[PDB]
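Structure record follows, encoded as structure tokens.
Indexing begins at 1, ligand by ligand and atom by atom, following the structure's order. Note that the numbering runs from 1 along the sequence shown for the chain.
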Amino acid sequence: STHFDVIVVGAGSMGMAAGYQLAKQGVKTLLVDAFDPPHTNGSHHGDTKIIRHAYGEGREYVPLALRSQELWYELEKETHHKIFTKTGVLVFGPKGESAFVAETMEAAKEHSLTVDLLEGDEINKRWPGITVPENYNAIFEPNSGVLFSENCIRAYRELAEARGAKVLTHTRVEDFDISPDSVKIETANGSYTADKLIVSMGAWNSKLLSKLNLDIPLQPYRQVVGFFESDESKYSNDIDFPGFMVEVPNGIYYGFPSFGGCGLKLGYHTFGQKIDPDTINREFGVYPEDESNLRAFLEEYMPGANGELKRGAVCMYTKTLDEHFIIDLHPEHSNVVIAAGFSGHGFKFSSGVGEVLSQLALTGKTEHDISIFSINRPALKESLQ
Ligand SMILES: *Cc1cc2c(cc1C)nc1c(=O)[nH]c(=O)nc-1n2C[C@H](O)[C@H](O)[C@H](O)COP(=O)(O)OP(=O)(O)OC[C@H]1O[C@@H](n2cnc3c(N)ncnc32)[C@H](O)[C@@H]1O
Ligand SMILES: [Cl-]
């Protein structure tokens, strides 16, 4: 018998940030999650995530990245959990052969970001442990870095709960009932109503948005990461080894310096298995490519970080056809906000997205420019049932 102002379904990266923004304003909020965030069944575990400002996926993401960076610094001051370390982020690739490196460079120029440009041997010299061909160029962003994702979610949850937000864990939302003046969710643990709904179920958006009469192509992918024993005199965060996202002939890779001897962490971005979030095999090593795709990169570009595998993790990306996000009101219901398809690069923006989602839910509009994330854009291929 408890009505809420707002209900957030999926209290992960995006939902928990929204819950915190709403709670902070005194909005009576209920967050419902299938597990107990932060957990290891969605897209936010694996300990760390890169935050970059000069944006290779699109210069139009810069303001949101800069706003998110400021919000992460604010969160750092508000909690005892560690949130951000300024490792800097290095982007490199073959000169003239990487659209990713080119747009990162254009994005930095267009928004006057602070970056260092270097090439070939200058890269190897500046960061012992990296070995790239002489025809490679790079752009280094010293002020971006690494976020401790599980800590971010845990901190937003503690702060939101302290202000009255309620979080119903281990509860799967199974259906929705939307009316012009209210929303209702159905779960095995009971039904709940509110004035507004925010839907942010991550990989499960690909299976449950149909319950809101939405037919949007969303493909979940199994993406693994590995931590490798490394030469700490070269790859440690203590000796300024940077976070990185680079483009090589066979694709894009991203990584993190070793923190407190945990080993260098690496992931292969461009390849992953197409899967269903409810049947995905979350054990690292069950496919030979899990470990082999990573060592293929390490032995060539960071030879001293190709030691024993210390830990593996299996997480998911949910891609849209254009790999841009979906953040918008439901086309048929202004009282329903959708956050989906972060396509493998949404964590860094979760603080800013939480702000956008709270504004959309409370006012139906946002001060941020989110036109490129419209649920009505052609490149998405969106429609109703
Ligand atoms: C997987 C991955 C992603 C990733 C990355 C490396 C890997 C291996 N590296 C990144 C990086 O360096 N920088 C960056 O900015 N992003 C990076 N990413 C992507 C990022 O992690 C994802 O885009 C982000 O986490 C997406 O957030 P979202 O909030 O969409 O997803 P979630 O955190 O998984 O939360 C969804 C929640 O909803 C719940 N759920 C699901 N179904 C239900 C139902 N039916 N009822 C209630 N709750 C539901 C989940 O339990 C989950 O908590
Ligand atoms: Cl994603």
Criterion side chain to side chain donor-acceptor pair (under 3.5 Å) on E355 and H368, from CA distance to verdict: CA-CA 9 Å; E355 174 164 83; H368 295 78; 3.3 Å; yes

Criterion side chain to side chain donor-acceptor pair (under 3.5 Å) on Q69 and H53, from CA distance to verdict: CA-CA 8 Å; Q69 184 68 63; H53 303 157; 2.8 Å; yes

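Distance from atom 32 (P) of ligand 1 to its nearest protein heavy atom, with residue and atom name: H44 ND1, 3.6 Å. Scanning the protein heavy atoms around atom 4 (C) of ligand 1, the nearest turns out to be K49 NZ, 3.5 Å. In this structure, atom 6 (C) of ligand 1 lies nearest to the protein heavy atom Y254 OH, 3.2 Å. Summary of contacts: the protein heavy atom closest to atom 48 (N) of ligand 1 is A34 N, 3.1 Å. Nearest non-hydrogen protein atom to atom 50 (C) of ligand 1 is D33 OD1, 3.5 Å. Looking only at protein heavy atoms, the nearest one to atom 46 (N) of ligand 1 is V173 N, 2.9 Å. The nearest protein atom to atom 25 (O) of ligand 1, hydrogens excluded, is given as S13 OG, 2.8 Å; this is a heavy-atom distance. Protein heavy atom at the shortest distance from atom 38 (O) of ligand 1 is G10 CA, 3.1 Å.
Using a 4.0 Å cut-off between charged side-chain N and carboxylate O, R295 and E291 make a salt bridge. Under 4.0 Å is where a charged nitrogen must lie from a carboxylate oxygen, and between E141 and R52 no such pair does. Between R377 and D322 there is a salt bridge, with a side-chain nitrogen of the basic residue lying less than 4.0 Å from a carboxylate oxygen of the acidic one.
The option with the heavy atom closest to atom 11 (C) of ligand 1, from among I50, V8, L208, is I50. Closest to atom 3 (C) of ligand 1 by heavy atom, among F256, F349, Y317, is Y317.
Which parts of ligand 1 touch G344 is read off a 4.0 Å heavy-atom cut-off, strictly below it: atoms 4 (C), 16 (N), 17 (C), 18 (N), 19 (C). Every atom of ligand 1 with a heavy atom of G42 under 4.0 Å away is listed here by number and element: 34 (O). Close contacts between ligand 1 and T171 involve ligand atoms 46 (N), 47 (C) [criterion: under 4.0 Å to a heavy atom]. Interface of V32 with ligand 1, defined as ligand atoms under 4.0 Å from a residue heavy atom, comprises 47 (C), 48 (N). Taking every non-hydrogen atom of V225 and a distance limit under 4.0 Å, the qualifying atoms of ligand 1 come out as 8 (C). The ligand atoms of ligand 1 that sit less than 4.0 angstrom from a heavy atom of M316 are 1 (C). Those atoms of ligand 1 with a heavy atom of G202 less than 4.0 angstrom away are 30 (O), 31 (O), 36 (C).
Contact annotation: for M201 versus ligand 1, heavy atoms closer than 4.0 Å belong to both the backbone and the side chain. Of the heavy atoms in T187, none comes closer than 4.0 Å to ligand 1. With a heavy-atom cut-off of 4.0 Å, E174 does not touch ligand 1 at all. For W204, every heavy-atom contact with ligand 1 shorter than 4.0 Å involves the side chain, none the backbone. Looking at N41 against ligand 1, nothing comes within 4.0 Å, counting heavy atoms.
Using a 4.5 Å cut-off on side-chain heavy atoms (C-beta onward), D175 and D177 make no contact.
Residue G272 comes nearest to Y221 through the heavy atom pair O-CD2, 3.5 Å, listed as atom of the first residue, atom of the second, then distance.
Looking at ligand 1, you won't find any N or O of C315 less than 3.5 Å from one of its N or O atoms. Of the N or O atoms in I153, none lie within a sub-3.5 Å distance of an N or O in ligand 1. Some N or O of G346 is nearer than 3.5 Å to an N or O of ligand 1, by distance alone. The shortest N or O to N or O distance between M14 and ligand 1 is below 3.5 Å. Ligand 1 has no nitrogen or oxygen under 3.5 angstrom from a nitrogen or oxygen of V9. Ligand 1 has an N or O atom lying under 3.5 Å from an N or O atom of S43, backbone or side chain.
Using a 4.0 angstrom heavy-atom cutoff, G267 does not count as in contact with ligand 1. Note on ligand 1: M245 sits outside its first shell, no heavy atom being nearer than 4.0 Å. A heavy-atom separation below 4.0 Å is found between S200 and ligand 1.
For the residue pair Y20 and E78, a side-chain donor N or O sits within less than 3.5 Å of a side-chain acceptor on the partner. Side chains of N189 and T187: no donor on one and acceptor on the other come within 3.5 Å. Using modelled atom types, one finds no donor on one side chain facing an acceptor on the other under 3.5 Å when comparing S343 with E323. Side chains of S258 and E232: a donor-acceptor N/O pair is present below 3.5 angstrom, by distance only. For the 3.5 Å distance criterion, the side chains of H3 and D195 qualify, holding a donor opposite an acceptor.
Within the structure, side chain to side chain donor-acceptor pair (under 3.5 Å) contacts touching residues 207-216 (residues at least two apart or in different chains) are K207-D276, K207-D278.
Classified by interplanar angle (parallel below 30°, tilted 30° to 60°, perpendicular above 60°), the ring pair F271/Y268 is tilted.
Every residue meeting the side-chain contact (heavy atoms from CB on, under 4.5 Å) condition with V9, not counting sequence neighbours, appears here in chain and number order: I7, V173, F176, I185, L197, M201.
Partner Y317 forms a side chain to side chain donor-acceptor pair (under 3.5 Å) with one of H269, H345, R222 and no other, that one being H269. Here the rule is ring pair (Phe, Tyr, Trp, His ring centres under 6.0 Å) with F259, and of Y235, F148, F227, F241 only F148 fits it.
Note: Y61 and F373 meet the aromatic proximity criterion, with ring centroids under 6.0 Å apart.
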